[PDB]
Amino acid sequence: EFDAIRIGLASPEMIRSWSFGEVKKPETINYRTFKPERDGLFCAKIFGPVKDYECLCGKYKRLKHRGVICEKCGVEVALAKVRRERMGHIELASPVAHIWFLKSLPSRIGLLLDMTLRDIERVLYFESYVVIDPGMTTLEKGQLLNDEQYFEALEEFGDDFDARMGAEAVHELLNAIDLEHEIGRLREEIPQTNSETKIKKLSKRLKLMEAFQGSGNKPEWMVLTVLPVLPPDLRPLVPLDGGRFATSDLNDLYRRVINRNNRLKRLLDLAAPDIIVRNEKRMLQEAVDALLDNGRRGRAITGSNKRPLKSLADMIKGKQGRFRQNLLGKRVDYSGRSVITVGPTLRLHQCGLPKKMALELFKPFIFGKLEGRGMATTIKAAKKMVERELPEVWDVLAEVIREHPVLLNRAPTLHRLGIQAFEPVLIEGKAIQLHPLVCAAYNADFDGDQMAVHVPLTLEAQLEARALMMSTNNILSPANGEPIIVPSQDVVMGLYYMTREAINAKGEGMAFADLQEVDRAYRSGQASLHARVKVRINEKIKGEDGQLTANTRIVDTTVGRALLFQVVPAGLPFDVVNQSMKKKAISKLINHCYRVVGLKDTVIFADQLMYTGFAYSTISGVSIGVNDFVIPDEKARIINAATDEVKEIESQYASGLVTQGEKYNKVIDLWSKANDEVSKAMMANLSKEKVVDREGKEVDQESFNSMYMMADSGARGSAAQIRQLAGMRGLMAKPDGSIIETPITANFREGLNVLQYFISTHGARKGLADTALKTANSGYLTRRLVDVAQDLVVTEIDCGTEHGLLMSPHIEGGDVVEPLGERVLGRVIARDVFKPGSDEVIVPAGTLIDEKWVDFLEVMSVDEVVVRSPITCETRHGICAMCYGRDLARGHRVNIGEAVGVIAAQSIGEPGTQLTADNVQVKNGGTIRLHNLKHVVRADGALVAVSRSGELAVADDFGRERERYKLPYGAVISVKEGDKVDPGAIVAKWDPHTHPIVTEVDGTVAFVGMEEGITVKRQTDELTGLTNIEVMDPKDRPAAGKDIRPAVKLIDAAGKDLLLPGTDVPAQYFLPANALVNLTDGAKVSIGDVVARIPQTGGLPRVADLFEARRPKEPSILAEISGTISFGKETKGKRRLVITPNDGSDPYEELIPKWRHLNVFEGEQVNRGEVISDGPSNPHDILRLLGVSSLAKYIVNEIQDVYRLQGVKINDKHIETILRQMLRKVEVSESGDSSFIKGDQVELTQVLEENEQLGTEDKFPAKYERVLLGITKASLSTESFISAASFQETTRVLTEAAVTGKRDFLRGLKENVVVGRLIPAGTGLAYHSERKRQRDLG
Amino acid sequence: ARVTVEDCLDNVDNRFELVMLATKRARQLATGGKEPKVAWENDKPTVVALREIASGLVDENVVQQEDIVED
Ligand SMILES: [Mg+2]
Ligand SMILES: [Zn+2]
Ligand SMILES: [Zn+2]
């Protein structure tokens, strides 16, 4: 019913309005009787009555007396609950300064009076004097007076002089602040200065003056003359067992202030001198200061207690405040918990609930059902029927839970699927019966785990549990498009054994007329579960639009595959069950079934797979024995051979042939080769060992082994675990990071030695102790991601924008690791894609790409698509519904009101617990196309590359790029452009050791200044191994010749001057150190002359440091303007990286350190997006030099590389959603229109550019530049102060919002939670929409 | 039977107005004495209100018209 919760300073006239009386005495209660004494901290006259509708005297103790107040000893008759609302006030005899507005990062009182923080603390303690209204005196208001300097002021001036000391002086300095006049003085003195050390000081002081003018807070209210008193029920004084009392830490603080305030009031009427009264007023300062906050310069009282104290401010801060303790947890009613238990007979939408828990959870619903049915007359008699557990109560409990869903949640709630709704059924026992299929989303095993229950009361919450939070609704993952409710290891084991073709079995070759004859033949024991038969099947096809046509055909399948087709819905063909039904094949069938037949026929199909998997996994009594871990007979021939190859190396180590490091890499790489040789020889004997007999033969089929089936079907176990059971274990690691020389040549079947078992304990406790950090670091990452993208919610249906980012498949390497099939599925196109022809489009407009459009794009040769993304949306205060897409638990696109920012932070933080160049060669065959690579053809028939911004691509015959390779500078190209490459042959060669050079033109070039005595040195190898011009180092040069550098002058053969086009200066490049000149002086090649040869962290903390946009330890150096770069002076200490732009006239000079080894040379033109020095690059300069399209490509592909290595997969919409909130603030480059030099939000900067353009001003010179903020700094930019006090410092955000009169609205999620209102996201959007159209309209 | 949450949500396709449309109808079947258009199959008014959404018997203007006749 309320809105716009505002906050400001409290005036002395308003503090008296909150109070109902003034406290004068410091006592609380009487010693004989436990009654609140008058005019004390506990007083029934000021506050409310103690007992319900009764005064202290007892003259009025009935309901008929409400406004009547007794005169002798009674109080105002109330409900005894107003003791939480009634307040008091203590009219202090001397003013006291507020420490919240004095001791902080900014000086709220110091900046307001142009005074120092230490100097104000000197006057408030009665040590120095200040002057009020100096005027015609000889001193300034900023000049203070001492005890010996103040006495002289009254002698020479006499008139026009007024000086005070203490808190009354600070209160007087704020009386004549001249608010309407001081701003006029700051406006005319700010543009005169030019140093940045004074701009940030005068502007920060100016912005505080306008805050005290529009908000209405007078500067006089910073010091208080009367303080409020907390209600007594908030600081309770309750007794304990044995007559002992227990009070709060605020009663003795309030008593200490009253004890000193009354002592000061009595010390003023006795005409006491200034020597004694100045110390009492000083004690009243720290008496009130210690009451407000603790930890400041005023040490809190500590008497007979260890902890210092708990003041008023300590109740809302310090990781234990009342505001922060409720944000992390709150006990609720109608709840309970118990252990979980598998129930294989339950449906997907129902769970098991004990009878003892249902009686307590649904207790109010039974009392109302017993009175309505006529079994009980009053609620007191109905309660006694439940305690006796009458038989008629069970018939009532069964009716109140028939259609009433309950909520189940596990303690670690990592993602959205941690809370699901089920229909409870009454079961006998004390354990909650859970469905086996919902165990994957809950991440719950049956090792004693507990699950909490909750009961929705209102029918508004019951409809949300059935339509939104039901277990059958969230069958797909919210992070991907894959089903999250899939058959686990026990169900996939029965479906794999059933569909497992055998060579020769009982009942092979027989024909069946229908699927009902197959079951009739199997149940009689006259046909094996898997035998090659031929059965006629009647199936229906949903491929036709709206036509469910039936087809009857004779297929060649097994007996088990025909029994599995009985549960398949009608819309799916038979070719979906003719495989071996592994885990990856069943999850793809449920996903395909969801997109064809819908949801109703899928929730009843996933239950049939669980019943069929549990039934056929029990008939086949699969078991693991001691003979299942078969050992290859050739394992002893590899271990004994590898042990002899190390003995011949240990003899070489004792002879001095190899070193310690050379022998280490020899024995480590030797055992790693023998470990892979045993693993490939074990899987060959384990998979193809089953032999059979068909009409007389020895045929090898797939192995029907228990250990092989559990790893092939994907139920449990992988190649790394079966390797340690049958094959050798291998080499173990070490907590230091090295590998031990002696490996573990034994497996777990044969057993390990005492030393081999102690070695394995190093990596065992390393992985167990790593899980303690995986739950502490990933939980801190998902919490920071929510605090940033919580306000983001779908609000608009259509933005109307055409901007979008280009999407291309990852063609890095040989094949595409992630094609355009899953990168574009579920995203609306931005621009119309065009065929290679003319006037022919594939998509008509921006359309939602579903599974039917993915194959339509795979048939065509379309490789690039422009899709919509939240990072490019134009919707202010929200995100468009068409820019998001349809990648969620639903099939359709996102609806209006869906909080897509919270499901994106939970999709990234959930899998966080699982986180920790000589030559090129074309792999496939196709055309070779080079982009952005300007080459110069030589005379021999080869190509030389001068730029590095491009790369080599392999064009398919259809017209799609499937291979991309990067080439360094000067890489010689063997093949030409536009020819058919050879799969397996080289196309270009490079030189990663020595960086080659390039020449622009041919001619007789010779080294100038190469005397071979100071600059260079003629080096000769053994047996004429080196005959060239070898350069020398700069340190080896002489002191006189260090200034001169060897340079090569390019001259033509005719003698004329040769100048490069587009540049005035010729091609004169100086040869650096450690270079070799292949061409002689006066003779060189026509092109491609190498004159000088220039010689040459992962896991969870990687993703956390990547969202923070931190600068790496060695940032890379990039170019700003596209032009010819050059060096500067090297003997000074730095490197002047001068560069002359060739297209524009704008020279820009920058400096570079010398410890960072540069990779660029002198005289080479570089582009804007080219890298100069190697090393990791921060995401900050890539946004300024390239733009926002290149930043969104680098961040997403770098985060996915950390998740794709571990196997998990997250959609790109969740990374671009968090990236939208980081690229939210903007910064202006020039000043004149903004207030300060810093930047503001882009939503406010865009709404002001339209009013200034189409208004009185013609142009818009106030431009801006995009900036990148981390998930820590972007969260601080919150206009609200209620939500900002949760994750930030409470005492810092309350003093800033008070002095500015910040009226906080409740248009967010985190604000409406602690306040108690509905959230704008979800079903609560209809409540906030029906109020906006009725408040600002009619 | 007749318990379909995806058939009623297929026409609106919002999953948020369906909860709001079924709320205004569930109170009429529980308070006021309004007779549902579908038969009572021993179901609570919370679930029997979703059958009228899937069958297309009630709508946004149908619930507003039935409640205005009582006032
Ligand atoms: Mg467990
Ligand atoms: Zn009385
Ligand atoms: Zn949009």
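Cross-link pairs exceeding 31 Å in C-alpha to C-alpha distance, out of A:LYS198/A:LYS1310; A:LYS1193/A:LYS1273; A:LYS356/A:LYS774; A:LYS647/A:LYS923; A:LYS1310/B:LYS37, comprise A:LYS198/A:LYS1310; A:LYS356/A:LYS774; A:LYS647/A:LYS923; A:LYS1310/B:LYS37.
Averaging 1/r across all pairs of distinct Cα atoms in segment A:822-971 and inverting the result yields a Kirkwood radius of 19.4 Å.
Shown is the FRET efficiency for A:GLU460 and B:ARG2, computed with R0 = 25 Å from the Cβ-Cβ distance and rounded to the nearest 0.05: 0.65.
Among the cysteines of the protein assembly as shown, A:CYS43, A:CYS55, A:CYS70, A:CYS351, A:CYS439, A:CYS593, B:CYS8 have no other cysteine beta carbon within less than 4.7 Å of their own. Approximating the spin labels as points 7 Å out from Cα along Cα→Cβ, the A:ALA939-to-A:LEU390 distance works out to 11.5 nm. Charge tally for A:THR1291 (other residues, Cβ to Cβ under 9 Å; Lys, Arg +1; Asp, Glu -1): 0.
Length gained on full extension, A:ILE668 to A:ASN551: 36.0 nm, using 0.36 nm per residue less the C-alpha separation. Treating r as the C-beta distance of A:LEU1205 and A:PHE834 and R0 as 35 Å, the FRET efficiency rounds to 0.45. Listed by chain and number, the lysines placed with their C-alpha closer than 22 angstrom to that of A:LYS45 are A:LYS24, A:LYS25, A:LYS35, A:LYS59, A:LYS61, A:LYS64, A:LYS72, A:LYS81; residues fewer than eight positions away on the same chain are left out. Dividing the summed helix terms, -39500 (n - 2.57) for each DSSP H run of n ≥ 4, by the number of residues in chain A produces a 222 nm estimate of -9000 deg cm²/dmol to the nearest 500. Averaging 1/r across all pairs of distinct Cα atoms in segment A:701-835 and inverting the result yields a Kirkwood radius of 21.5 Å.
The Cα-based radius of gyration of segment A:15-108, divided by its Kirkwood radius, gives an Rg/Rh of 1.13. Estimated from the Cβ-Cβ distance and a Förster radius of 41 angstrom, the FRET efficiency linking A:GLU1011 and A:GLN921 is about 0.35.
Among the listed pairs A:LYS207/A:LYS1302; A:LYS582/A:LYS1213; A:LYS506/A:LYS534, those whose Cα-Cα separation exceeds 20 Å are A:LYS582/A:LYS1213.
Taking the inverse of the mean reciprocal distance over all distinct Cα pairs, the Kirkwood hydrodynamic radius of segment B:7-70 comes to 11.8 Å. Got a sec? Which residues in segment A:1148-1187 would a label at A:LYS1129 touch, if it sits 7 Å along Cα→Cβ and we count backbone N under 20 Å? What the label zone holds, given the 20 Å backbone N cut-off, is A:1148-1156, A:1162. A simple spin-label model places pseudo-atoms 7 Å from Cα toward Cβ; at A:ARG164 and A:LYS584 they are separated by 8.3 nm. If the segment from A:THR33 to A:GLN566 were pulled out straight at 0.36 nm per residue, it would be longer than the present Cα-Cα gap by 183.5 nm. Size descriptors for segment A:1044-1119, from the alpha-carbon set: Rg then Dmax equal 21.4, 65 Å. Just report the Cα centroid separation between chain B and segment A:1285-1338, whole Å. Their Cα centres are 33 Å away from one another. Looking at segment A:1264-1332, which trypsin sites (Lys or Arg not before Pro) are in a loop (DSSP not H, G, I, E or B) and have at most 16 other Cβ atoms within 10 Å? Sites meeting the loop and neighbour criteria: A:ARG1307, A:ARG1317. Using a cut-off of 21 Å between alpha-carbon atoms, which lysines can reach A:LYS934, once sequence neighbours fewer than 8 places away in the same chain are excluded? Counting by Cα, and skipping residues close in sequence, A:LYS934 has these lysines nearby: A:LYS966, A:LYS976, A:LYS980, A:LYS989. Shape analysis of segment A:131-234 yields a ratio of the Cα radius of gyration to the Kirkwood radius, Rg/Rh, of 1.08. Here the label points at A:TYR757 and A:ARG1266, each 7 Å from Cα along the C-beta direction, are separated by 6.1 nm in the simple model. Within straight-line reach of A:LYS1017, meaning a Cα separation under 22 Å, sit the following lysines at least 8 residues removed in sequence or on another chain: A:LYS1035, A:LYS1042, A:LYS1049, A:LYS1084. Over the C-alpha trace of chain A, radius of gyration and Dmax come out as 41.1, 133 angstrom. Across segment A:25-36, coupling constants 3J(HN,Hα) worked out from phi with the 6.51/-1.76/1.60 Karplus curve, θ = phi - 60°, read 9, x, 7, 10, 9, 7, 7, 7, 9, 8, 10, x Hz, and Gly and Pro carry x. Helical content alone sets the calculated 222 nm signal of chain B at -18000 deg cm²/dmol, taking -39,500 (n - 2.57) per DSSP H segment of four or more residues and averaging over every residue.
For neighbour counting, all protein chains shown are included, and Cβ atoms are generated from backbone atoms with ideal geometry for every residue, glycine included. Every number in this text was worked out from the coordinates using simple rules, so none of it is lab data.
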